[PDB]
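Student: Numbering (mature numbering (1 follows the signal peptide of the UniProt record, and there is no 0)) for the sequence shown: 7 to 229.
Take a look at this one; I'll ask things after.
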Amino acid sequence: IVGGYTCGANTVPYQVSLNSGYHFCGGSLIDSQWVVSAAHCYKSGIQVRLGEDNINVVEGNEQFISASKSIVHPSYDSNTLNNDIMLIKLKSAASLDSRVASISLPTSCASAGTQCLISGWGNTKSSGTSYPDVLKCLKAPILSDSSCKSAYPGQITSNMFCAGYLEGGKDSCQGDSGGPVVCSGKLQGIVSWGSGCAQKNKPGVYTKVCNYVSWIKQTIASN
Numbered sequence: 007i008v009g010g011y012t013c014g015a016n017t018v019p020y021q022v023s024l025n026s027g028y029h030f031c032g033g034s035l036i037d038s039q040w041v042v043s044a045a046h047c048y049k050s051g052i053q054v055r056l057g058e059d060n061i062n063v064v065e066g067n068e069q070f071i072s073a074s075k076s077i078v079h080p081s082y083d084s085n086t087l088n089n090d091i092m093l094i095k096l097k098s099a100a101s102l103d104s105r106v107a108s109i110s111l112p113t114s115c116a117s118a119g120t121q122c123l124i125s126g127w128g129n130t131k132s133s134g135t136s137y138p139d140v141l142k143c144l145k146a147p148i149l150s151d152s153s154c155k156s157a158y159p160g161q162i163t164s165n166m167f168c169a170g171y172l173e174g175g176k177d178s179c180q181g182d183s184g185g186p187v188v189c190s191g192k193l194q195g196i197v198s199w200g201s202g203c204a205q206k207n208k209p210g211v212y213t214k215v216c217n218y219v220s221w222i223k224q225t226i227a228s229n
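This is the structure we're talking about:
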């Protein structure tokens, strides 16, 4: 997250960290035993870290749970990043409280203009590199359909949307991938891709979660 603020410890209670020995992706908790992330964050051997702020210190509210199975979206295309979404089941149910809670799936897609919260432990610099230990937050609007397509000609599909600032300076970045875009108390997006970070005219692109509700709910009822 570039141009963001320190969220505050456990104030994004649905944010999770995917650790394979180090944090590499973000995710969102959607129930006691299921996490949603970005398919391009898939790897064998994941541990899900819940209740994290500082990801290099044990502060007393963490739950570390191993993944029992991962399910990449059937139609994920890793060359164009369409359907960049995956599901992770946890080996045991998380214990939910005020500091570890799930976020709600949308019933309706969110419109352009809507202000959302984006969070993660990715790089905080637009040029060069500096990774924060504590979670960072950014409020950003969903951009029009049109604007998103003219910023990335030929690359935006019906399952992506852009959010951020076309003036630059505020954006998601490397290490934020798979993390939540929450708008009016629900999960509208997943940090998926962009062109550098916080460049003029190139806003971050997110997986449109509203298009996948049906698939998630069918998948978690049978697995």
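Ideal Cβ positions, reconstructed from N, Cα and C, are used throughout, including at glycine.
Alpha carbon to alpha carbon, what distance is there between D83 and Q224?
Tutor: 21 Å
Student: What residue does the alpha helix (DSSP H) around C154 start on, and which one ends it?
Tutor: Bounds of the alpha helix (DSSP H) holding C154 are 151-157.
Student: Could you check whether the region 52-70 touches the region 175-195, counting it as contact only if at least three pairs of C-beta atoms, one from each stretch, sit closer than 8 Å?
Tutor: no
Student: For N89, count neighbouring C-beta atoms within 10 Å of its own C-beta (all shown protein chains included) and say buried if the count is 16 or more, exposed if not.
Tutor: Counting other Cβ atoms within 10 Å of its Cβ, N89 reaches 16 or more and is therefore classed as buried.
Student: Quick one: Cα of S228 to Cα of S132, how far?
Tutor: 42 Å
Student: Quick one, are the C-beta atoms of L35 and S108 less than 7 Å apart?
Tutor: yes
Student: First and last residue of the beta strand (DSSP E) that includes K145?
Tutor: 142-147
Student: Who are the Cβ neighbours of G191 in its own chain at under 7 Å, not counting the five residues just before and after it?
Tutor: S110
Student: So, helix, strand or coil for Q180, using DSSP?
Tutor: DSSP places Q180 outside both helix and strand once states are collapsed to three, so it counts as coil.
Student: Thinking just about the alpha-carbon of each residue, which of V211, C189, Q121 is nearest to the one in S156?
Tutor: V211
Student: Using the C-alpha atoms, what's the distance from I7 back to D139?
Tutor: One alpha carbon belongs to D139, the other to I7, and they sit about 12 Å apart.
Student: Does the distance from the C-beta atom of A100 to that of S38 stay below 7 Å?
Tutor: yes
Student: Cβ atoms of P19 and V106: under 7 Å apart, would you say?
Tutor: yes
Student: Using a Cβ-Cβ cut-off of 8 Å (strictly less than) and excluding sequence neighbours within five positions of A45, which residues of its own chain qualify?
Tutor: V78, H79, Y82, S84, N89, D90, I91, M92
Student: On the DSSP letters alone, give me the boundaries of the alpha helix (DSSP H) that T225 sits inside.
Tutor: Residue range 219-227 is occupied by the alpha helix (DSSP H) that includes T225.
Student: Taking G185 and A169 to be in contact with their CB atoms under 8 Å, please state how far apart those CB atoms are, rounded to whole angstroms.
Tutor: So it is not a contact: roughly 13 Å between Cβ atoms.
Student: How close, in whole Å, do the beta carbons of residue 230 and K49 come, if the pair is a contact with beta carbons under 8 Å?
Tutor: As shown, the chain starts at 7 and ends at 229. That puts residue 230 outside it, with no answer to give.
Student: Between which residues of its own chain and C203 is the CB-CB distance below 6 Å, once the five residues before and five after are set aside?
Tutor: Taken in chain order, the residues that qualify are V8, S132, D177, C179.
Student: Pull up the DSSP beta-bridge partners for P186, would you.
Tutor: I196
Student: Classify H79 as helix, strand or coil using the three-state DSSP reduction.
Tutor: DSSP, reduced to helix, strand and coil, places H79 outside both helices and strands of the structure shown, so it counts as coil.
Student: Measure the CB-CB distance between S125 and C143 and report whether it falls below 7 Å.
Tutor: Using a Cβ distance threshold of 7 Å, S125 and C143 count as a contacting pair.
Student: Mind checking who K214 pairs with in its DSSP beta bridge?
Tutor: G195
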